[PDB]
Amino acid sequence: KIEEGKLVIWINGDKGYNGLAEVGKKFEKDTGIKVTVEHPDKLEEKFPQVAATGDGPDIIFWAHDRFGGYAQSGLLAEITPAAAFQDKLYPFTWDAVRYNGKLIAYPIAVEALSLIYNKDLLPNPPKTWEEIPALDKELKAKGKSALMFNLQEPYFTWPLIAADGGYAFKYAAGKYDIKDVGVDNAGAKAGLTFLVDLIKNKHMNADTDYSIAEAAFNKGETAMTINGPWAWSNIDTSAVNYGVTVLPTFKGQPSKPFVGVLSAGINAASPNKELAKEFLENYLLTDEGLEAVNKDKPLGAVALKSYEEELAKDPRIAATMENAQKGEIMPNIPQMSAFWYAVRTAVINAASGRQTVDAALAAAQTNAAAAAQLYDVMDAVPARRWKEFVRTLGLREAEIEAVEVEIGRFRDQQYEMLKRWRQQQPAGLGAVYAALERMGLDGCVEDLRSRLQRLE
Ligand SMILES: OC[C@H]1O[C@H](O[C@H]2[C@H](O)[C@@H](O)[C@@H](O[C@H]3[C@H](O)[C@@H](O)[C@@H](O)O[C@@H]3CO)O[C@@H]2CO)[C@H](O)[C@@H](O)[C@@H]1O
């Protein structure tokens, strides 16, 4: 459990938590502060349940796409590093973790998918997605396959869909518009249709996930896979001679992977914020800190400039960064949740044949665009009435109601955050104010008197 005088960190199990634990032991050796790293299941979903409780972590690690919601709900502490420290990380990595003009996390590394081919089976990897059907059958003649990758998570199948024109939300004037969802445009329809055709000619199987796809490549059963740097570790241990190169082109235009920024967010309810800032700045985000984690599971291209020149020499990094520039940086807005869920539903149905491509994408468009609107009213729907609300609207689509749950859980962390604040323990002042300002006249007076009290 969390309490004053120690750090608890959450990171996804596919990353190098053991190496991260090493960095904390140094910290513990230098400060006497016990550092404990955990890797829970679905920490992306478990966090918004337990953040503002005594069961949430001090530091949370995830790609930058989740943090906008976290931030909007006032569940993160404003990161306040000196200019000299900011000038040690790449500026565009700071953009990712910047939401509404405020820094909400420490950017760690850059994550971008890449084509991971087996050199023993593929000296000249294909340049285009349209070459692959011919190569696979040639490998079918060897009882082999050309490609296998996780098909259950939309993270991995997006690069092909967004190649010719598909996108999440339109970007313009330096801003995203959540009403313009580019999941059902011409460029998106072609990518998925091309993907399914690969499966329908049984160049792939729909049940392929990370665990199995990983096994396939690691045992030299498929010539290619698509995965991130964190996966090179297990592959390095396996006896496969592999290469990491650029993703294949499609219709002249490259497959555009959503680029990820691994980021470290400080719980606003953590009683050891400065204690955390000390760790991330002066231990992890150092040439040795990052080296310790990378040795466990490769991070990719780090945001720390001093240690990026070190990794840039690795061709597998050069491959990723190329794909990174070719692809797009994930938005960090609170609506990316609505976008992901809708797509996760669409691909599984268009892959299992349960629906047309035109249908799933049409439905995903609607559900995402609609569910994306729920966030603008998250703070308005008065307290005790969020379930009555969403039940009043009665949308009932599985991916839509998933956002409802999330939002319903955000509102529950803010009430909890308010509870902590009332009892004089750490709390995020935004989560507090959002809760009072929907708690009738009594909330608003309580809200403002604090705003006035706070003016000291
Ligand atoms: O659809 C279910 C799932 O959608 C969301 O997951 C997305 C992540 O938010 C997003 O960061 C990305 O996930 C990848 C990570 O960025 C990266 O760290 C790496 O480890 O691979 C991840 C893919 O497994 O893309 C996924 C969509 O697949 C949402 O976060 C989840 O709550 C939700 O369960």
# chains A, B, ... in the order shown; residues from 1 in each chain; ligands from 1
$ closest_atom_pairs --of "chain A" --to "ligand 1" --cutoff "8 Å" --atoms "only C-alpha atoms and all ligand atoms" --output "CSV"
residue,atom,partner,partner_atom_place_in_ligand_line,distance
A:12,CA,ligand 1,20 (O),6.9
A:14,CA,ligand 1,20 (O),6.3
A:15,CA,ligand 1,20 (O),7.3
A:42,CA,ligand 1,34 (O),6.9
A:44,CA,ligand 1,32 (O),5.0
A:45,CA,ligand 1,32 (O),5.2
A:62,CA,ligand 1,18 (O),5.9
A:63,CA,ligand 1,16 (O),4.6
A:64,CA,ligand 1,11 (O),6.9
A:65,CA,ligand 1,11 (O),5.6
A:66,CA,ligand 1,9 (O),5.7
A:111,CA,ligand 1,17 (C),7.1
A:152,CA,ligand 1,28 (O),7.6
A:153,CA,ligand 1,28 (O),3.9
A:154,CA,ligand 1,28 (O),4.2
A:155,CA,ligand 1,28 (O),3.9
A:156,CA,ligand 1,28 (O),6.9
A:228,CA,ligand 1,19 (C),7.1
A:230,CA,ligand 1,20 (O),7.7
A:260,CA,ligand 1,16 (O),5.5
A:261,CA,ligand 1,16 (O),7.6
A:262,CA,ligand 1,18 (O),6.6
A:336,CA,ligand 1,9 (O),7.5
A:337,CA,ligand 1,29 (C),5.9
A:340,CA,ligand 1,4 (O),4.6
A:341,CA,ligand 1,1 (O),4.4
A:342,CA,ligand 1,1 (O),7.6
A:343,CA,ligand 1,1 (O),7.1
A:344,CA,ligand 1,1 (O),4.7
A:345,CA,ligand 1,1 (O),7.7
$ write_last_selection --atoms "C-alpha atoms" --output "PDB file, in the first residue's frame"
ATOM      1  CA  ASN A  12       3.580  -2.648 -18.037  1.00  0.00           C
ATOM      2  CA  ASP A  14       6.162  -6.280 -21.319  1.00  0.00           C
ATOM      3  CA  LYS A  15       8.782  -3.694 -20.293  1.00  0.00           C
ATOM      4  CA  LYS A  42      -4.482  -4.064 -17.146  1.00  0.00           C
ATOM      5  CA  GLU A  44      -4.040   1.042 -17.922  1.00  0.00           C
ATOM      6  CA  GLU A  45      -7.547   0.259 -16.629  1.00  0.00           C
ATOM      7  CA  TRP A  62       2.415   4.178 -19.889  1.00  0.00           C
ATOM      8  CA  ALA A  63       2.421   5.480 -23.430  1.00  0.00           C
ATOM      9  CA  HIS A  64       1.438   9.141 -23.593  1.00  0.00           C
ATOM     10  CA  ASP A  65      -1.995   8.404 -25.087  1.00  0.00           C
ATOM     11  CA  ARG A  66      -3.618   7.584 -21.729  1.00  0.00           C
ATOM     12  CA  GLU A 111       8.121   3.607 -29.044  1.00  0.00           C
ATOM     13  CA  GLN A 152      -6.053  -8.770 -31.000  1.00  0.00           C
ATOM     14  CA  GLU A 153      -4.763  -5.273 -30.162  1.00  0.00           C
ATOM     15  CA  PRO A 154      -5.475  -2.384 -32.574  1.00  0.00           C
ATOM     16  CA  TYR A 155      -2.009  -0.967 -31.838  1.00  0.00           C
ATOM     17  CA  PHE A 156      -0.449  -3.461 -34.246  1.00  0.00           C
ATOM     18  CA  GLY A 228       8.396  -3.039 -30.577  1.00  0.00           C
ATOM     19  CA  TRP A 230      10.652  -4.318 -25.737  1.00  0.00           C
ATOM     20  CA  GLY A 260       4.384   5.944 -28.622  1.00  0.00           C
ATOM     21  CA  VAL A 261       6.149   7.915 -25.917  1.00  0.00           C
ATOM     22  CA  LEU A 262       6.721   5.918 -22.761  1.00  0.00           C
ATOM     23  CA  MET A 336      -7.970   8.332 -27.497  1.00  0.00           C
ATOM     24  CA  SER A 337      -9.705   5.881 -25.170  1.00  0.00           C
ATOM     25  CA  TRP A 340      -9.003   2.612 -29.311  1.00  0.00           C
ATOM     26  CA  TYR A 341     -12.030   0.755 -27.917  1.00  0.00           C
ATOM     27  CA  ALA A 342     -14.087   1.345 -31.055  1.00  0.00           C
ATOM     28  CA  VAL A 343     -11.286   0.034 -33.257  1.00  0.00           C
ATOM     29  CA  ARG A 344     -10.508  -2.957 -31.041  1.00  0.00           C
ATOM     30  CA  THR A 345     -14.133  -3.950 -31.576  1.00  0.00           C
TER      31      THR A 345
END
$ residues_around --residues "residue A:426" --least-positions-apart "3" --cutoff "8 Å" --atoms "only C-alpha atoms" --output "VMD selection string"
chain A and resid 268 to 271 420 to 421
$ write_last_selection --atoms "N, CA and C atoms" --output "short mmCIF file (atom, residue, chain, number, x, y, z; two decimals), in the first residue's frame"
data_model
loop_
_atom_site.label_atom_id
_atom_site.label_comp_id
_atom_site.auth_asym_id
_atom_site.auth_seq_id
_atom_site.Cartn_x
_atom_site.Cartn_y
_atom_site.Cartn_z
N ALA A 268 -1.18 12.52 -8.31
CA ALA A 268 -1.41 13.75 -7.55
C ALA A 268 -1.76 13.46 -6.09
N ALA A 269 -2.15 12.24 -5.77
CA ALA A 269 -2.41 11.84 -4.40
C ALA A 269 -1.19 11.25 -3.72
N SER A 270 -0.08 11.13 -4.42
CA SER A 270 1.12 10.56 -3.84
C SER A 270 1.72 11.53 -2.82
N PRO A 271 2.03 11.09 -1.61
CA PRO A 271 2.64 11.99 -0.62
C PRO A 271 4.13 12.22 -0.82
N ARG A 420 -9.63 12.88 0.22
CA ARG A 420 -8.28 13.05 0.75
C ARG A 420 -8.00 14.51 1.07
N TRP A 421 -8.36 15.40 0.14
CA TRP A 421 -8.10 16.82 0.33
C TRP A 421 -8.81 17.35 1.57
#
$ select_by_dssp --residues "stretch 94-300 of chain A" --states "alpha helix (DSSP H)" --output "PyMOL selection string"
chain A and resi 94-96+132-140+154-161+186-200+210-218+232-237+273-279+287-296
$ atom_distance --atom1 "atom CA of residue A:373" --atom2 "atom CA of residue A:338"
9.2 Å
$ residues_around --residues "stretch 18-35 of chain A" --least-positions-apart "5" --cutoff "12 Å" --atoms "only C-alpha atoms" --output "number ranges by chain"
A: 2-13, 57-59, 61, 272, 275-276, 278-299
$ select_by_dssp --residues "stretch 78-312 of chain A" --states "strand (DSSP E)" --output "MDAnalysis selection string"
chainID A and resid 98:99 102:103 106:111 114:118 145:147 169:172 175:181 222:227 242:245 249:250 253:254 258:266 301:302
$ atom_distance --atom1 "atom CA of residue A:403" --atom2 "atom CA of residue A:178"
14.5 Å
$ closest_atom_pairs --of "stretch 340-432 of chain A" --to "stretch 181-204 of chain A" --cutoff "7 Å" --atoms "only C-alpha atoms" --output "JSON lines"
{"residue": "A:351", "atom": "CA", "partner": "A:196", "partner_atom": "CA", "distance": 6.0}
{"residue": "A:357", "atom": "CA", "partner": "A:193", "partner_atom": "CA", "distance": 6.5}
{"residue": "A:358", "atom": "CA", "partner": "A:189", "partner_atom": "CA", "distance": 6.9}
{"residue": "A:361", "atom": "CA", "partner": "A:184", "partner_atom": "CA", "distance": 5.2}
{"residue": "A:362", "atom": "CA", "partner": "A:184", "partner_atom": "CA", "distance": 5.8}
{"residue": "A:365", "atom": "CA", "partner": "A:183", "partner_atom": "CA", "distance": 5.8}
{"residue": "A:369", "atom": "CA", "partner": "A:181", "partner_atom": "CA", "distance": 6.3}
$ write_last_selection --atoms "N, CA, C and O atoms" --output "PDB file, in the first residue's frame"
ATOM      1  N   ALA A 351     -12.073  -9.185 -38.723  1.00  0.00           N
ATOM      2  CA  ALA A 351     -11.131 -10.290 -38.840  1.00  0.00           C
ATOM      3  C   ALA A 351     -11.812 -11.641 -38.670  1.00  0.00           C
ATOM      4  O   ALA A 351     -11.486 -12.592 -39.389  1.00  0.00           O
ATOM      5  N   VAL A 357     -16.074  -4.999 -43.551  1.00  0.00           N
ATOM      6  CA  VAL A 357     -15.156  -3.901 -43.273  1.00  0.00           C
ATOM      7  C   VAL A 357     -15.909  -2.575 -43.285  1.00  0.00           C
ATOM      8  O   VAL A 357     -15.743  -1.739 -42.388  1.00  0.00           O
ATOM      9  N   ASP A 358     -16.758  -2.368 -44.298  1.00  0.00           N
ATOM     10  CA  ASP A 358     -17.539  -1.138 -44.378  1.00  0.00           C
ATOM     11  C   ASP A 358     -18.411  -0.947 -43.143  1.00  0.00           C
ATOM     12  O   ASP A 358     -18.646   0.191 -42.719  1.00  0.00           O
ATOM     13  N   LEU A 361     -16.133  -0.426 -39.644  1.00  0.00           N
ATOM     14  CA  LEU A 361     -15.583   0.923 -39.711  1.00  0.00           C
ATOM     15  C   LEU A 361     -16.677   1.971 -39.576  1.00  0.00           C
ATOM     16  O   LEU A 361     -16.493   2.986 -38.896  1.00  0.00           O
ATOM     17  N   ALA A 362     -17.825   1.746 -40.218  1.00  0.00           N
ATOM     18  CA  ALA A 362     -18.940   2.675 -40.070  1.00  0.00           C
ATOM     19  C   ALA A 362     -19.407   2.727 -38.623  1.00  0.00           C
ATOM     20  O   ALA A 362     -19.626   3.810 -38.066  1.00  0.00           O
ATOM     21  N   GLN A 365     -16.717   4.405 -36.469  1.00  0.00           N
ATOM     22  CA  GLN A 365     -16.856   5.842 -36.670  1.00  0.00           C
ATOM     23  C   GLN A 365     -17.911   6.424 -35.736  1.00  0.00           C
ATOM     24  O   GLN A 365     -17.636   7.336 -34.952  1.00  0.00           O
ATOM     25  N   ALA A 369     -16.988   8.631 -32.465  1.00  0.00           N
ATOM     26  CA  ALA A 369     -17.353  10.042 -32.516  1.00  0.00           C
ATOM     27  C   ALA A 369     -18.349  10.385 -31.419  1.00  0.00           C
ATOM     28  O   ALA A 369     -18.230  11.426 -30.763  1.00  0.00           O
TER      29      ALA A 369
END
$ closest_residue --among "A:102, A:131, A:327, A:80" --to "residue A:164" --atoms "only C-alpha atoms"
A:327
$ atom_distance --atom1 "atom CA of residue A:166" --atom2 "atom CA of residue A:253"
11.9 Å
$ residues_around --residues "stretch 221-224 of chain A" --least-positions-apart "6" --cutoff "9 Å" --atoms "only C-alpha atoms" --output "PDB file with N, CA and C atoms, in the first residue's frame"
ATOM      1  N   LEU A 115       9.248  -3.681 -38.689  1.00  0.00           N
ATOM      2  CA  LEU A 115       9.201  -5.000 -39.297  1.00  0.00           C
ATOM      3  C   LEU A 115      10.390  -5.808 -38.800  1.00  0.00           C
ATOM      4  N   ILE A 116      10.109  -6.946 -38.179  1.00  0.00           N
ATOM      5  CA  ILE A 116      11.132  -7.804 -37.594  1.00  0.00           C
ATOM      6  C   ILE A 116      11.158  -9.084 -38.419  1.00  0.00           C
ATOM      7  N   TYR A 117      12.161  -9.202 -39.282  1.00  0.00           N
ATOM      8  CA  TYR A 117      12.282 -10.304 -40.219  1.00  0.00           C
ATOM      9  C   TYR A 117      13.397 -11.248 -39.792  1.00  0.00           C
ATOM     10  N   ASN A 118      13.301 -12.485 -40.263  1.00  0.00           N
ATOM     11  CA  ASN A 118      14.317 -13.495 -40.007  1.00  0.00           C
ATOM     12  C   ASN A 118      15.311 -13.500 -41.163  1.00  0.00           C
ATOM     13  N   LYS A 119      16.573 -13.183 -40.864  1.00  0.00           N
ATOM     14  CA  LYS A 119      17.584 -13.091 -41.914  1.00  0.00           C
ATOM     15  C   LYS A 119      17.819 -14.441 -42.579  1.00  0.00           C
ATOM     16  N   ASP A 120      17.774 -15.523 -41.802  1.00  0.00           N
ATOM     17  CA  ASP A 120      18.027 -16.844 -42.365  1.00  0.00           C
ATOM     18  C   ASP A 120      17.003 -17.199 -43.433  1.00  0.00           C
ATOM     19  N   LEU A 121      15.797 -16.642 -43.339  1.00  0.00           N
ATOM     20  CA  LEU A 121      14.726 -16.944 -44.274  1.00  0.00           C
ATOM     21  C   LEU A 121      14.430 -15.812 -45.245  1.00  0.00           C
ATOM     22  N   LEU A 122      15.030 -14.640 -45.064  1.00  0.00           N
ATOM     23  CA  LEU A 122      14.644 -13.451 -45.824  1.00  0.00           C
ATOM     24  C   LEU A 122      15.827 -12.502 -45.910  1.00  0.00           C
ATOM     25  N   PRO A 125      14.246  -8.412 -47.461  1.00  0.00           N
ATOM     26  CA  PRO A 125      12.871  -8.290 -46.993  1.00  0.00           C
ATOM     27  C   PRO A 125      12.041  -7.476 -47.966  1.00  0.00           C
ATOM     28  N   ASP A 136       4.825 -15.193 -49.045  1.00  0.00           N
ATOM     29  CA  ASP A 136       4.312 -16.148 -48.071  1.00  0.00           C
ATOM     30  C   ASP A 136       4.095 -17.513 -48.705  1.00  0.00           C
ATOM     31  N   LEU A 139       7.004 -19.303 -49.069  1.00  0.00           N
ATOM     32  CA  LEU A 139       7.346 -19.882 -47.779  1.00  0.00           C
ATOM     33  C   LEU A 139       6.373 -20.986 -47.389  1.00  0.00           C
ATOM     34  N   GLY A 143       6.621 -24.894 -45.960  1.00  0.00           N
ATOM     35  CA  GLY A 143       5.861 -25.099 -44.743  1.00  0.00           C
ATOM     36  C   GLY A 143       5.986 -23.938 -43.776  1.00  0.00           C
ATOM     37  N   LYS A 144       6.520 -22.819 -44.258  1.00  0.00           N
ATOM     38  CA  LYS A 144       6.717 -21.633 -43.440  1.00  0.00           C
ATOM     39  C   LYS A 144       5.636 -20.593 -43.739  1.00  0.00           C
ATOM     40  N   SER A 145       5.685 -19.481 -43.007  1.00  0.00           N
ATOM     41  CA  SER A 145       4.799 -18.347 -43.223  1.00  0.00           C
ATOM     42  C   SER A 145       5.629 -17.073 -43.258  1.00  0.00           C
ATOM     43  N   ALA A 146       5.061 -16.036 -43.868  1.00  0.00           N
ATOM     44  CA  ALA A 146       5.789 -14.787 -44.045  1.00  0.00           C
ATOM     45  C   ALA A 146       5.654 -13.852 -42.851  1.00  0.00           C
ATOM     46  N   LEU A 147       4.472 -13.774 -42.241  1.00  0.00           N
ATOM     47  CA  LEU A 147       4.231 -12.769 -41.216  1.00  0.00           C
ATOM     48  C   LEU A 147       3.269 -13.310 -40.167  1.00  0.00           C
ATOM     49  N   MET A 148       3.532 -12.950 -38.912  1.00  0.00           N
ATOM     50  CA  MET A 148       2.653 -13.254 -37.791  1.00  0.00           C
ATOM     51  C   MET A 148       2.855 -12.185 -36.730  1.00  0.00           C
ATOM     52  N   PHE A 149       1.768 -11.542 -36.314  1.00  0.00           N
ATOM     53  CA  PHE A 149       1.846 -10.520 -35.280  1.00  0.00           C
ATOM     54  C   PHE A 149       0.516 -10.461 -34.546  1.00  0.00           C
ATOM     55  N   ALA A 213       2.167 -15.204 -31.513  1.00  0.00           N
ATOM     56  CA  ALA A 213       2.988 -14.584 -32.546  1.00  0.00           C
ATOM     57  C   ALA A 213       4.438 -14.480 -32.102  1.00  0.00           C
ATOM     58  N   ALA A 215       6.002 -16.491 -29.943  1.00  0.00           N
ATOM     59  CA  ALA A 215       6.563 -17.836 -30.009  1.00  0.00           C
ATOM     60  C   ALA A 215       6.923 -18.202 -31.441  1.00  0.00           C
ATOM     61  N   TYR A 242      17.820 -12.482 -36.438  1.00  0.00           N
ATOM     62  CA  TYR A 242      16.740 -11.634 -36.917  1.00  0.00           C
ATOM     63  C   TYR A 242      17.267 -10.260 -37.303  1.00  0.00           C
TER      64      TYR A 242
END
$ residues_around --residues "residue A:381" --least-positions-apart "4" --cutoff "12 Å" --atoms "only C-alpha atoms" --output "NGL selection string"
:A and (374-377 or 385-390 or 392 or 407-408 or 411 or 434-440)
$ closest_residue --among "A:83, A:371, A:212, A:417" --to "residue A:393" --atoms "only C-alpha atoms"
A:371
$ closest_residue --among "A:39, A:328, A:255, A:54" --to "residue A:1" --atoms "only C-alpha atoms"
A:54
$ residues_around --residues "residue A:317" --least-positions-apart "2" --cutoff "12 Å" --atoms "only C-alpha atoms" --output "PyMOL selection string"
chain A and resi 109-116+228-230+232+243-246+298-302+308-315+319-324
$ residues_around --residues "residue A:105" --least-positions-apart "6" --cutoff "7 Å" --atoms "only C-alpha atoms" --output "list in words"
residues 79, 97, 263, 264, 265 and 266 of chain A
